[PDB]
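# Reading the structure
The residues making up each chain are set out below.
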Amino acid sequence: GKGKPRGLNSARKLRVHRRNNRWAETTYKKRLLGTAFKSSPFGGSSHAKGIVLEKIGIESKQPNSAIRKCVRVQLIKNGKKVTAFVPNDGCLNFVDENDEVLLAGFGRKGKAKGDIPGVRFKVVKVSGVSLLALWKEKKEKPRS
Amino acid sequence: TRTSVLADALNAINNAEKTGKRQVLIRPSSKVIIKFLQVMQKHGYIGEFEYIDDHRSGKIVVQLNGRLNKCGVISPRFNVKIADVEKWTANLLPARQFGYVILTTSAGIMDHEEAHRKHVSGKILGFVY
Amino acid sequence: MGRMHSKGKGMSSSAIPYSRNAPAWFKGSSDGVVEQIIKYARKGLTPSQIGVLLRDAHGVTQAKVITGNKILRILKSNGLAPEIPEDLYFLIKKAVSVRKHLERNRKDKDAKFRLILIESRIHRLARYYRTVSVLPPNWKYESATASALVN
Amino acid sequence: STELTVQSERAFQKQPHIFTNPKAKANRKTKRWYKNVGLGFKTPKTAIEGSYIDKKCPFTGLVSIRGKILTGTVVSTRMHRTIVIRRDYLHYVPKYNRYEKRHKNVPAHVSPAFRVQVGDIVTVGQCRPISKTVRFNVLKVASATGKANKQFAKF
RNA sequence: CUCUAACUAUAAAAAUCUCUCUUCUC
RNA sequence: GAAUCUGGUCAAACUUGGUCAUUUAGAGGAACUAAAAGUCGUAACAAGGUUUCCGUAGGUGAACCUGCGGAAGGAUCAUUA
RNA sequence: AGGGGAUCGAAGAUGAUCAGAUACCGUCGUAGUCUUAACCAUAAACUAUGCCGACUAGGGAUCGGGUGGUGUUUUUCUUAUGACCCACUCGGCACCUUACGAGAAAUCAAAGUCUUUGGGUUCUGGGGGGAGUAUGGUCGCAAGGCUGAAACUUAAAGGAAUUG
RNA sequence: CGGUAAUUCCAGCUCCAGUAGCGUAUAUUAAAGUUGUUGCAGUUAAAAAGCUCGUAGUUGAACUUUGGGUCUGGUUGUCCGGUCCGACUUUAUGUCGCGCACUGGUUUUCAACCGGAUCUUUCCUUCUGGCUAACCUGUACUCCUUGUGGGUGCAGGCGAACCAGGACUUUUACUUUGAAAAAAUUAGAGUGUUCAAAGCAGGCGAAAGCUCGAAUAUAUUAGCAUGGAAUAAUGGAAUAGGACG
RNA sequence: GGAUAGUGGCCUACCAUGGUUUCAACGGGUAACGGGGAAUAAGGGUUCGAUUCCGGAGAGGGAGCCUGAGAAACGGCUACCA
Ligand SMILES: [Mg+2]
Ligand SMILES: [Mg+2]
Ligand SMILES: [Mg+2]
Ligand SMILES: [Mg+2]
Ligand SMILES: [Mg+2]
Ligand SMILES: [Mg+2]
Ligand SMILES: [Mg+2]
Ligand SMILES: [Mg+2]
Ligand SMILES: [Mg+2]
Ligand SMILES: [Mg+2]
Ligand SMILES: [Mg+2]
Ligand SMILES: [Mg+2]
Ligand SMILES: [Mg+2]
Ligand SMILES: [Mg+2]
Ligand SMILES: [Mg+2]
Ligand SMILES: [Mg+2]
Ligand SMILES: [Mg+2]
Ligand SMILES: [Mg+2]
Ligand SMILES: [Mg+2]
Ligand SMILES: [Mg+2]
Ligand SMILES: [Mg+2]
Ligand SMILES: [Mg+2]
Ligand SMILES: [Mg+2]
Ligand SMILES: [Mg+2]
Ligand SMILES: [Mg+2]
Ligand SMILES: [Mg+2]
Ligand SMILES: [Mg+2]
Ligand SMILES: [Mg+2]
Ligand SMILES: [Mg+2]
Ligand SMILES: [Mg+2]
Ligand SMILES: [Mg+2]
Ligand SMILES: [Mg+2]
Ligand SMILES: [Mg+2]
Ligand SMILES: [Mg+2]
Ligand SMILES: [Mg+2]
Ligand SMILES: [Mg+2]
């Protein structure tokens, strides 16, 4: 049994077996192929700046019905365009179309989350300052 | 093609012991089997066995005294250092109190404690407990 | 019960008895047996045939037990061993028979299957008898050296 | 080797700064300086009475042996006056507790004082940089045949 | 501790569905 | 003994076209996801109302059907009645 | 490409049934069905169980073979056969009980001797889709095969098994 | 979760975990026996190339000196001799006790377990020379109680106690030990940085100079010497082209 | 033979046909300077090591250079491309 060779000089087949079968795992494939750098506009690094181009409201999945307020953003370090959702009650008025926004991932490792379609990112800072502080009024947008 | 003769020998031993057969028939009957069995008996884990001649490799008839729970081989005779043997202990012996991983060294086929007190290490063969 | 060229698992064989010495009842002596053996060999008889004849027509159970030595090695002693062992020779002959069949008619593709199997057996024996210094390594085998040697 | 009258190419072959005296009333053909490498190696007979030059011979040539000594198997003899030795050994990859039969082939220099066949087992030694491939040099061939010392069957 | 026998033959069409999904502790 | 300068010499570099990698627009072309109160039928899950499914080949608004070979994942493990 | 050309029968021509049936039903009827040379390389090429090994549990029966019967009918007054019954076995397809184990169970005498983890062994798969797809090869006269992704997208898909 | 009673929304209040730190995102490890060498699954869930031959790789049958007899160095625990310790309190012993708290003979039978010498038909390579280590030596035989209690001595002659000119030489892998692995980190010696992170300092005087240090292992792969000959591979002597005299 | 501090197809000249490979060559890729190490932790192990220590490498991209023991140096030069 155990159809993997066992002999005392019998692991070229074994080492190459692992060496080839690693590609089964997707994480290994992503890490070795640099897919977080060529593809996936968000360049694998935790944050990136961008410019707001337009605002959209999009519905939820089936077991919910709540039109979240997302924003089309163009990432300055590539010019590539993508959606990003803005989590809070009073945030859409804070978008200020044609502004600089600091964006991070939406915390699902390159996948949609919950009841949001086609979105992958969070809106964590707006115009230098952080939108979270604006939400609880800890600082104010200078309105430059 | 019988590849590791002692492997088959102990496999039959374990099969019958689980079944409860007070005795076992081993076909190949090589030196290594024999020495493994004097180690087996000297530790007290087996009774009196017999060798048959055939002018071809003989035969073995081992009397089971129930004290055995398992034999077992490590068919890849992994190369072991003097320090490493203890790890084999913690990976094959049911506890550190007793149990004997059998290894063949230049001195010969011996229990691991025999090797340690001889301070000599060779290659691994199997285990008994 | 290996049986490469099929799924056979039969252990039908012959088991030698315990006594490597000659049986008590036997009357003939080794030298006479050897002379009978060599005369039989000069008839042009393959060693296995001669062993069978010794077993049947006489109380010659084992060549080695009686004369202290086996048939092929004795036949080497008097410088009369054939160039090819009887085994490889008979296999080559059967291969020639297969070849003549396949040249006679074509649609025996299953006979092509037997052909490849047999020639694989020849390749195995060729490697063996090249390693053990029986044939000189120069010897090869395709179709026609068989036609010359066997015929 | 140099094959049947070494004095073949466009230049003469003379062991440097050894003088063949025409003024000696001797007719002694030539003065062939020779020397034993050492380390328990015996200079073979054919080297002392030979006529070849082989500036890169360890015995009759200019090179001096020093450093590593190895054992290997002749793998290729086609190349002229040199040789290639395969070396097969085991490599312990630690991840699997196993050894690994890999080969490394190395070129060395053979004097005409030696007869070499493919597959011969040869002791080789270290020397000066001789060629971009050759940095070792043969000493002597132990297994001259392997199994072929007896070939006939005439009892 | 003595038994081996009987047996039958329809087929006509039927297509579909947007709901709420809810909770278990001495 | 400088200038100039015979030769070669390493050769950066320039033109010229070939040749390749990568980005890169791109008339137009062909798909997939999520969106589930769009439309037509109802293919399937039971014998899904013609057993399914597979390979092959033609046709067929769509599903699919068809012919030939298969397999039970079938609805038969079963006729010395 | 060539010989055949009955029957059957994909295309098709057709008459039913139904709101729709160039579906199933029934007629005819090409390709094809037989095949000679040459391709074709796949099939649910599945026992969905790779091979070679040894060992473990009871039971009949069954095929090929051989062993021993004062075995029985055969009859060639007679043996010899054969053909049968008995007893044993070798090998082969399988089967019945069982759990002694082992499994997600359904079950399996191997799917066991596997955490008490190790007889030797080649090839495979790492959630579902996207997809056996794209792409580049490669084989091909072609139909097509072998090879073979990623982006993207989703929290289930799914296996056995439960009672309704 | 939310569709008019929200244990989740959003605030307020009660609180829970965290704490000068804590929360987010992107990568990573363990969890992961979800990469399975240790240690995966393959009748149905993912998956055994249709089957077969077959190069390379991988795997490979069993078989060739094992037992005693003796002697010893030991390292352990076995009686303890002495040294002496707790019951007895300011001080001490006979006595009871842990039946030696610190040291030996080991024939106390005991058991080992490591070698070492050895008799095995038992090689552990042996010569060519030192050097002779040494005493079968053997010369004066004697310092001496007949008595081997004890030795200078000088040609044969023990070499194995160590040296040295070769000649021999089956080789492996393996393994033990030693040599190398700078440092730094790791491990950990000691050391009151106020503790600790640390760091490699410090401690004692009487302050009159007197001292401790800066401990120790690890690294396995390549290489070198090394004790071992079980495991596994390899060579023989077949045309004797063989071994010795 | 030249040349080099000195070997060597280092370069030349005359020849010879060779060398490496499925035990992974060569090509492609490397968001790779290699290591000492770091993280992680039953054991086996996985990932990171631009970065205090070691080496090696560069001074915009290539080249060429005198001086000097030691330079192909760049806070030294000669030239082209930017
Ligand atoms: Mg319906
Ligand atoms: Mg010039
Ligand atoms: Mg409609
Ligand atoms: Mg329907
Ligand atoms: Mg119907
Ligand atoms: Mg259907
Ligand atoms: Mg036709
Ligand atoms: Mg018809
Ligand atoms: Mg109609
Ligand atoms: Mg219908
Ligand atoms: Mg029709
Ligand atoms: Mg019809
Ligand atoms: Mg298929
Ligand atoms: Mg069959
Ligand atoms: Mg997938
Ligand atoms: Mg799928
Ligand atoms: Mg293709
Ligand atoms: Mg409320
Ligand atoms: Mg809230
Ligand atoms: Mg798993
Ligand atoms: Mg499935
Ligand atoms: Mg399959
Ligand atoms: Mg198959
Ligand atoms: Mg092979
Ligand atoms: Mg063996
Ligand atoms: Mg270090
Ligand atoms: Mg520390
Ligand atoms: Mg490259
Ligand atoms: Mg790196
Ligand atoms: Mg670095
Ligand atoms: Mg550096
Ligand atoms: Mg200077
Ligand atoms: Mg420079
Ligand atoms: Mg510099
Ligand atoms: Mg500078
Ligand atoms: Mg300057």
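Residues numbered from 1 in each chain as written, not as in the entry; some residues may be left out. Chains lettered and ligands numbered in written order. Part of a larger assembly, values for the part shown. Heavy atoms only, no water.

With that settled, consider the layout of surface pockets. In this approach a probe as big as a water molecule rolls over the atoms, and the regions it shows empty are the leftover space. Residue and element names in this part refer to chain C. Its boundaries defined by the atoms lining it, the largest pocket holds a volume of some 990 Å³. Surrounding the largest pocket, 34 residues form its lining, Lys76, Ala81, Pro82, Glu83 and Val134 being those nearest its centre. Breaking the lining of the largest pocket down by element, the ones donating at least two residues are α1 (30-42), α4 (71-77) and α5 (86-104). Considering every element that reaches the lining of the largest pocket, the biggest residue donor is α4, with four residues. Residue composition of the lining of the largest pocket, by class: 20 nonpolar, six polar and eight charged. When residues of the lining of the largest pocket are sorted by domain, at least three fall in each of domain 1 (27-81) and domain 2 (82-151). (1 Å grid on protein atoms, 1.4 Å probe; cavity = no way out; pocket = protein on both sides within 12 Å on 5 of 7 lines; lining within 4 Å. Points joined across faces, edges and corners; volume = space filled by probe spheres on them. Helix = DSSP H or I, 4+ residues; strand = E, 2+ residues; numbered from the N terminus. Nonpolar A, V, L, I, M, F, W, Y, C, P; charged D, E, K, R; others polar. Domains from an automatic or database assignment.)

Bringing the UniProt feature "domain: Small ribosomal subunit protein uS17 N-terminal" (unreviewed entry) in chain D into the picture now. The UniProt feature table records "domain: Small ribosomal subunit protein uS17 N-terminal" (unreviewed entry) at residues 7-70 of chain D. Its end C-alpha atoms 33 Å apart, residues 7-70 of chain D is made of 6% helix and 3% strand. (UniProt positions renumbered as here; feature names shortened; annotations may be inferred.)

Here we come to the pairing of strand β4 (residues 121-126) of chain D. Residue and element names in this part refer to chain D. Of the pairings in the sheet, the one linking strand β1 (residues 69-76) to β4 comprises five bridges and is antiparallel in character. By the bridge assignment, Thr73 is partnered in β4 with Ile121. Looking at chain direction, β4 and strand β5 (residues 136-143) are connected through six bridges and run antiparallel. Residue pairing for β5: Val122 is matched across the bridge by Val141. (Pairing = 2+ DSSP bridges.)

Residues and elements named next belong to chain B. Note on placement: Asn14 falls in helix α1 (residues 5-19). Within the local environment of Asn14, its side chain forms a polar contact with the backbone nitrogen of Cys71, the two atoms lying 2.4 Å apart. For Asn14, the contacting residues outside a window of four places in its chain are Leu68, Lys70, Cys71 and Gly72. (Polar contact = N/O pair within 3.5 Å; in protein donor to acceptor, adjacent residues only side chain to side chain. Contact = heavy atoms within 4.5 Å.)

A few words now on the sheet that holds strand β2 (residues 82-89) of chain D. All names here are of chain D. Read around the closed barrel, the five strands follow the order β1-β2-β3-β5-β4; overall the barrel is mixed. For this sheet the average axis-to-axis angle between neighbouring strands, irrespective of direction, equals 50°. As judged from the three bridges shared by β1 and β2, these two strands associate in the antiparallel manner. The partner of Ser76 across the bridge, within β2, is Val84. (Axes fitted to C-alpha atoms, helices over the stretch in contact; angles between N-to-C directions.)

Quick look at the environment of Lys80(A) now. All names here are of chain A. Within the secondary structure layout, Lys80 lies in the loop between β2 (68-75) and β3 (81-85). Expressed as a C-alpha distance, the spacing of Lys80 and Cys70, which sit ten residues apart in the sequence, is 17 Å. The residues touching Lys80, leaving out its near neighbours within four places in the chain, are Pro41, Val73, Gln74 and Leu75.

Here we come to the arrangement of the chains. The protein chains that touch form five pairs of chains, and the pair with the most contacts between them is chains A and D. At the C-alpha level, the nearest point of chain A lies 18 Å from chain C, with no contact between them.

Residue and element names in this part refer to chain B. Strand order in the open sheet made by the three strands is β5-β4-β6, with antiparallel pairing throughout. Sheet topology places β5 (109-111) and β6 (123-128) at the edges, where each strand pairs with a single neighbour. Adjacent strand axes in the sheet meet at a mean angle of 25° when their direction is disregarded. Across three bridges, strand β4 (residues 100-104) lies against β5 in antiparallel orientation. Counterpart to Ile102 in the pairing with β5 is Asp111. Most of the contacts of helix α2 (residues 31-42) go to β6, to which it runs at about 50°, and overall it touches β4, β5 and β6.

Let's shift gears to the environment of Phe114(D). With respect to the secondary-structure elements, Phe114(D) resides in the loop between β3 (102-109) and β4. Among residues more than four places away in sequence, those in contact with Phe114(D) are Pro44(D), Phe59(D), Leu139(D) and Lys140(D).

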